[PDB]
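Inspection log for the structure reproduced underneath, given as structure tokens.
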Number of protein chains: 2
Amino acid sequence: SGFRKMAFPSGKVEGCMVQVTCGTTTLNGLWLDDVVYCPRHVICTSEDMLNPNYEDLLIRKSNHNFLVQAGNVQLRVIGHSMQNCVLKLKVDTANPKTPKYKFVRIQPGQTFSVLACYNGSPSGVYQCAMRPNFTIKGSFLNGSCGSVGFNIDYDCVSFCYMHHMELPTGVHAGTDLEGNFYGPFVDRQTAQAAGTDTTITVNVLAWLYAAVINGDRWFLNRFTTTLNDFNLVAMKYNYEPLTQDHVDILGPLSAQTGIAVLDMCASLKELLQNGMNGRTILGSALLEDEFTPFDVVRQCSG
Amino acid sequence: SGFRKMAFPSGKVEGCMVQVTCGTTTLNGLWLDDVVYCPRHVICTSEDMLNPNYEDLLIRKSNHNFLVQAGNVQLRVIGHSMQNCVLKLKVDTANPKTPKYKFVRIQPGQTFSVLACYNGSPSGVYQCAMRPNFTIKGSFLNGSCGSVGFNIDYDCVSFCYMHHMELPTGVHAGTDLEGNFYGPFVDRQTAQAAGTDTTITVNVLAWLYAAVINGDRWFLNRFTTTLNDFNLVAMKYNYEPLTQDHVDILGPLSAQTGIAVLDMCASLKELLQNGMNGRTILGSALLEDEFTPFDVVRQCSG
Ligand SMILES: *[C@](O)(C(N)=O)[C@H](CC1CCC1)NC(=O)[C@@H]1[C@@H]2[C@H](CN1C(=O)[C@@H](NC(=O)NC(C)(C)C)C(C)(C)C)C2(C)C
Ligand SMILES: *[C@](O)(C(N)=O)[C@H](CC1CCC1)NC(=O)[C@@H]1[C@@H]2[C@H](CN1C(=O)[C@@H](NC(=O)NC(C)(C)C)C(C)(C)C)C2(C)C
Ligand SMILES: [Cl-]
């Protein structure tokens, strides 16, 4: 038994991380095939950061202003390009450690493993959720930019996030690997709002299912509810409205616990309404929304 | 900014995990040099498990009863040995992916990265603390046995845990890599007590320091305390008694926050005494004791 925030093994992604220096700025790059991907603001000075014209700024840059290092090895850039908010640096060598990979754009409520790097060196790995407001709550210091988020499905790495910037609270924004920001963010040092974040209701139910499977049952109750009734007690508490896919996606967990999704929704209502009263579920004194149904199935089966 | 439970990158350890089958039992092995290490209870039947004589049970086993697989490759065992509660299977091939490594026995209150495996395949990575009672709170299903816990210092893997068994609550016990159990546990399916677990006070202070560094200050208070006075309010609340090394180890964090350790101890007392009143510190509604001072320094500096 036991239930933990667990990241995918990071090995396949370690061999893809390089260092990228342009002028004074150094940060992380993803080297797949003959292409290093990194955030385009590696070309900015402290000053440019306030209101950059990236086209103009990049014109002043030539292949030899881009210092790509892979441990001790340096890579000949033979082509620079911009795709939205990322730099593609075409290099001479194909990364021999290149894994089967894809670039996917993940949807709000989905999770992925971040391999946080500094100077092209991986320092650690943890799981994030894409929040409904398209922020993440990570651990990213100066130098962390260009670190990536990924899923491993089969033997195939699905790259879905690259880190760009930090927002007031301590929350992170970044791009997919084609360089489109998740959410309304631009790579400019100028006031931008994240706006209201809500709880991923289906993930909270997935987690209650994980609780029951590990024996934590105390919150399980005699009552039930309707979808409408509950979903009016959701929005009250800023929770993503529960749909019928959400029900059908909890099937495997409903199936394994022999607990109907709507019985479980009624246990949630009383915790939203009566709090947790100083009790814990799975070592946590609050409701956890950063595990998907699949995250729970993967961990609670094998 | 940001502060997360972060595991070391798992790559160096992925290339060391093999499958080990004896009779019906299959579990995980650590292949370093010409030696595969695994739990010795791979030789037991469901029945043997209740009261094994390992010496006697192992005599009936010969090199060819041990089926070691590394993905699709099979390894010729040319020597079986028992060191306390682990099997050393001498094989023909030296693991070419063998990293600089050491075997260390970690002390209660220290943390390490678990790479959880099934059938010799890594499925995920997370951080654990060796609890004061020498249990961990992991995520280990049938097949997880032989999964290892490690630190990466410099380029050198320090192997410190191998998973053997689960204790009532959902808590895990295992050995160092010489095969000595942490704590009073024996590899026999017979009633054993963990007995009373206490909170790693120095780790809770390290975490309050991480909070302050990320801006969460509300619990910071005007008061101070003595070491004796606080340490009498510790044991009340089952907390490891705070020593002067603990003070001197918090130096780097005291140094960076400009907050004396004993001011911080007085903030802790009021949270132990007045609870958290529905507020959160670093996204948690309870006091976190599974980050060491070094874990916090590593993450909060680079
Ligand atoms: C990286 O680029 C890096 N080199 O690691 C860096 C990581 C952060 C954490 C300290 C620096 N990110 C940025 O520098 C990022 C780049 C400029 C400014 N950036 C910010 O993240 C800024 N945030 C910010 O301005 N936020 C709001 C936009 C005003 C909402 C910081 C204030 C955190 C520096 C750009 C192009 C946004
Ligand atoms: C592994 O050996 C494995 N193959 O993965 C396994 C993992 C656990 C999780 C389900 C099985 N561990 C054991 O089988 C372990 C081996 C026997 C019995 N084991 C237990 O962990 C048992 N615990 C237990 O008996 N606990 C107390 C000791 C009575 C305190 C289980 C009941 C969990 C099976 C041995 C040699 C202890
Ligand atoms: Cl919590």
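Each chain of the structure tokens is named A, B, ... in the order shown, its residues numbered from 1; ligands are numbered from 1 in display order.
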
Return as CSV the residues of chain B lying at most 12 Å from ligand 1, together with the closest atom-to-atom pair for each and the distance in Å to one decimal, counting only C-alpha atoms and all ligand atoms, with rows in chain order and ascending residue number.
residue,atom,partner,partner_atom_place_in_ligand_line,distance
B:1,CA,ligand 1,9 (C),6.5
B:2,CA,ligand 1,9 (C),9.6
B:300,CA,ligand 1,9 (C),11.6
B:301,CA,ligand 1,10 (C),11.5
B:302,CA,ligand 1,5 (O),11.1

**Request:** Give the residues of chain A that lie within 10 Å of chain B; count only C-alpha atoms, and format the answer as a VMD selection string.
**Result:** chain A and resid 1 to 15 113 to 118 122 to 128 137 to 144 152 166 to 167 169 to 172 214 to 215 275 277 to 278 280 283 to 287 298 to 302

**Item:** Contacts of residue 271 (chain B) at 12 Å (only C-alpha atoms; same-chain gap of 5+ positions) as a PyMOL selection string
**Value:** chain B and resi 204-205+208+218-221+233-234+237+264-266+276-281+285-287

Residues as selected, C-alpha atoms, written as a CSV table (one decimal), in the first residue's frame, can you do that?
chain,number,residue,atom,x,y,z
B,204,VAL,CA,10.1,21.1,11.0
B,205,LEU,CA,12.3,24.1,11.7
B,208,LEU,CA,9.6,26.9,8.7
B,218,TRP,CA,2.3,34.9,9.3
B,219,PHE,CA,3.5,32.4,12.0
B,220,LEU,CA,6.6,34.6,12.7
B,221,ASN,CA,6.2,36.0,16.2
B,233,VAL,CA,6.9,21.8,25.0
B,234,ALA,CA,8.5,19.5,22.4
B,237,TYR,CA,3.9,17.0,21.5
B,264,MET,CA,11.8,30.4,15.2
B,265,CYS,CA,11.3,27.7,18.1
B,266,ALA,CA,8.9,30.2,19.8
B,276,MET,CA,-2.7,26.6,12.5
B,277,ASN,CA,-6.3,27.9,12.8
B,278,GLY,CA,-7.1,26.9,9.2
B,279,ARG,CA,-4.1,28.7,7.7
B,280,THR,CA,-1.5,27.0,5.5
B,281,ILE,CA,2.3,27.1,5.4
B,285,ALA,CA,-2.3,22.6,6.7
B,286,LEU,CA,0.1,20.7,9.0
B,287,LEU,CA,3.8,20.8,10.2

**Request:** Step by step, measure atom-to-atom distances between ligand 2 and each residue using only C-alpha atoms and all ligand atoms, keep those at most 9 Å, then write them as a PyMOL selection string.
**Result:** (chain A and resi 1) or (chain B and resi 25-28+39-42+44+46+48-52+118+140-147+163-168+170+172-173+185-194)

**Message:** Could you go through region 78-221 of chain A and tell me which residues DSSP, when run on the backbone, assigns to strand (DSSP E), listing them as JSON, numbers by chain?
**Reply:** {"A": [78, 79, 80, 81, 82, 83, 86, 87, 88, 89, 90, 91, 101, 102, 103, 111, 112, 113, 114, 115, 116, 117, 118, 121, 122, 123, 124, 125, 126, 127, 128, 129, 148, 149, 150, 151, 152, 153, 156, 157, 158, 159, 160, 161, 162, 163, 164, 165, 166, 167, 171, 172, 173, 174, 175]}

**Request:** Write down as a list in words the residues of region 140-215 of chain A whose backbone DSSP state falls under alpha helix (DSSP H).
**Result:**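 Result set for region 140-215 of chain A (alpha helix (DSSP H)): residues 201, 202, 203, 204, 205, 206, 207, 208, 209, 210, 211, 212, 213 and 214 of chain A.
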
Given the selection you just returned, output its residues as a file containing N, CA, C and O atoms, formatted as a PDB file, in the first residue's frame.
ATOM      1  N   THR A 201     -11.930  19.308  -9.224  1.00  0.00           N
ATOM      2  CA  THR A 201     -12.893  18.417  -8.509  1.00  0.00           C
ATOM      3  C   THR A 201     -12.632  16.937  -8.833  1.00  0.00           C
ATOM      4  O   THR A 201     -12.552  16.121  -7.890  1.00  0.00           O
ATOM      5  N   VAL A 202     -12.473  16.566 -10.100  1.00  0.00           N
ATOM      6  CA  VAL A 202     -12.318  15.121 -10.465  1.00  0.00           C
ATOM      7  C   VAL A 202     -11.047  14.542  -9.818  1.00  0.00           C
ATOM      8  O   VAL A 202     -11.057  13.338  -9.407  1.00  0.00           O
ATOM      9  N   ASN A 203      -9.980  15.341  -9.761  1.00  0.00           N
ATOM     10  CA  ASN A 203      -8.700  14.939  -9.130  1.00  0.00           C
ATOM     11  C   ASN A 203      -8.925  14.768  -7.624  1.00  0.00           C
ATOM     12  O   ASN A 203      -8.355  13.819  -7.032  1.00  0.00           O
ATOM     13  N   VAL A 204      -9.732  15.628  -7.009  1.00  0.00           N
ATOM     14  CA  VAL A 204     -10.007  15.522  -5.544  1.00  0.00           C
ATOM     15  C   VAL A 204     -10.755  14.194  -5.316  1.00  0.00           C
ATOM     16  O   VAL A 204     -10.407  13.420  -4.368  1.00  0.00           O
ATOM     17  N   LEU A 205     -11.690  13.857  -6.200  1.00  0.00           N
ATOM     18  CA  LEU A 205     -12.418  12.567  -6.058  1.00  0.00           C
ATOM     19  C   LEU A 205     -11.427  11.429  -6.287  1.00  0.00           C
ATOM     20  O   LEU A 205     -11.488  10.447  -5.518  1.00  0.00           O
ATOM     21  N   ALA A 206     -10.538  11.540  -7.282  1.00  0.00           N
ATOM     22  CA  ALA A 206      -9.549  10.468  -7.570  1.00  0.00           C
ATOM     23  C   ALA A 206      -8.756  10.183  -6.288  1.00  0.00           C
ATOM     24  O   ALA A 206      -8.550   8.992  -5.919  1.00  0.00           O
ATOM     25  N   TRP A 207      -8.406  11.250  -5.585  1.00  0.00           N
ATOM     26  CA  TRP A 207      -7.593  11.209  -4.344  1.00  0.00           C
ATOM     27  C   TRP A 207      -8.395  10.574  -3.194  1.00  0.00           C
ATOM     28  O   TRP A 207      -7.843   9.689  -2.499  1.00  0.00           O
ATOM     29  N   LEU A 208      -9.677  10.926  -3.045  1.00  0.00           N
ATOM     30  CA  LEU A 208     -10.581  10.253  -2.068  1.00  0.00           C
ATOM     31  C   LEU A 208     -10.634   8.767  -2.386  1.00  0.00           C
ATOM     32  O   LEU A 208     -10.627   7.968  -1.436  1.00  0.00           O
ATOM     33  N   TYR A 209     -10.666   8.397  -3.666  1.00  0.00           N
ATOM     34  CA  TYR A 209     -10.643   6.964  -4.067  1.00  0.00           C
ATOM     35  C   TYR A 209      -9.314   6.345  -3.599  1.00  0.00           C
ATOM     36  O   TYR A 209      -9.332   5.231  -3.059  1.00  0.00           O
ATOM     37  N   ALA A 210      -8.187   7.042  -3.779  1.00  0.00           N
ATOM     38  CA  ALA A 210      -6.852   6.542  -3.365  1.00  0.00           C
ATOM     39  C   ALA A 210      -6.845   6.351  -1.853  1.00  0.00           C
ATOM     40  O   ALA A 210      -6.183   5.440  -1.379  1.00  0.00           O
ATOM     41  N   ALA A 211      -7.509   7.249  -1.130  1.00  0.00           N
ATOM     42  CA  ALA A 211      -7.608   7.200   0.342  1.00  0.00           C
ATOM     43  C   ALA A 211      -8.268   5.879   0.716  1.00  0.00           C
ATOM     44  O   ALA A 211      -7.637   5.054   1.384  1.00  0.00           O
ATOM     45  N   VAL A 212      -9.469   5.665   0.209  1.00  0.00           N
ATOM     46  CA  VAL A 212     -10.286   4.460   0.527  1.00  0.00           C
ATOM     47  C   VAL A 212      -9.475   3.193   0.246  1.00  0.00           C
ATOM     48  O   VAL A 212      -9.550   2.246   1.047  1.00  0.00           O
ATOM     49  N   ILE A 213      -8.729   3.181  -0.849  1.00  0.00           N
ATOM     50  CA  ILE A 213      -7.942   1.992  -1.278  1.00  0.00           C
ATOM     51  C   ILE A 213      -6.831   1.770  -0.257  1.00  0.00           C
ATOM     52  O   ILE A 213      -6.458   0.604  -0.098  1.00  0.00           O
ATOM     53  N   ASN A 214      -6.356   2.827   0.424  1.00  0.00           N
ATOM     54  CA  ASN A 214      -5.274   2.717   1.446  1.00  0.00           C
ATOM     55  C   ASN A 214      -5.858   2.594   2.866  1.00  0.00           C
ATOM     56  O   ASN A 214      -5.058   2.441   3.820  1.00  0.00           O
TER      57      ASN A 214
END

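CA of residue 292 (chain A) is positioned 12.8 Å from CA of residue 247 (chain A).
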
**Request:** Find the residues near residue 88 (chain A): any atom within 12 Å, counting only C-alpha atoms, skip ones fewer than 6 places away on the same chain, and give them as a PyMOL selection string.
**Result:** chain A and resi 20+29-40+42+63+66+68+77-82+177-179

**Message:** Quick one: residues within 8 Å of residue 183 (chain B), only C-alpha atoms, excluding same-chain residues fewer than 3 positions away - as a list in words?
**Reply:** residues 133, 134 and 135 of chain B

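Across the model, the gap from CA of residue 160 (chain B) to CA of residue 104 (chain B) is 5.1 Å.
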
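Atom pair CA of residue 174 (chain A) / CA of residue 129 (chain A): separated by 12.9 Å.
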
**Request:** Would you please work out which residue, of B:261, B:249, B:282, B:70, is nearest to residue 217 (chain B) when using only C-alpha atoms?
**Result:**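 When distances to residue 217 (chain B) are compared using only C-alpha atoms, the smallest one comes from B:282.
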